[PDB]
């Protein structure tokens, strides 16, 4: 069994993909049945090519061995992508109560709770934390804080 330059590169790509921690040239060498000097060289050539095209992937060598990393300049994109998981979509109940605030704008939660026919603290909270609505003032007659949809609401929704 023997792998030419192009084959060795392939196998190494497959392997560098499945690892969750750096691997050693020796581990790869053994796994692939090749001389380590050959693997060591190949990894540095594959790393050279990737940074040669400024790939999103950066193959770097550390005391723990070799591993594919995210190229520096792309951190910002990595950050956002993951964070766009922290908060799941809005439930229909939530949109429902969002609409109530939207269409009745200055509204106390007491009227939102009544109009929805249920307690709305959980949904109010999330709507608040997500900046879709906010405290505007208070009701003169009752002294209960009033609410309104933010500007961001007009955005995530459409237009302004």
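Residue numbers count along the first chain shown, from 1.
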Going by the entry, of stretches 131 to 139 and 48 to 56 the one with greater average Cα B-factor is 131 to 139
With B-factors read from the PDB entry, the higher C-alpha mean of 19 to 27 and 146 to 154 is in 146 to 154
Top Cα B-factor in this entry, restricted to 43, 114, 102, 120, sits on 102
Quick tally, chain-level thirds of C-alpha B-factors: residue 107 sits in the highest
Binned into thirds over the chain's modelled residues, the C-alpha B-factor of residue 92 lands in the highest
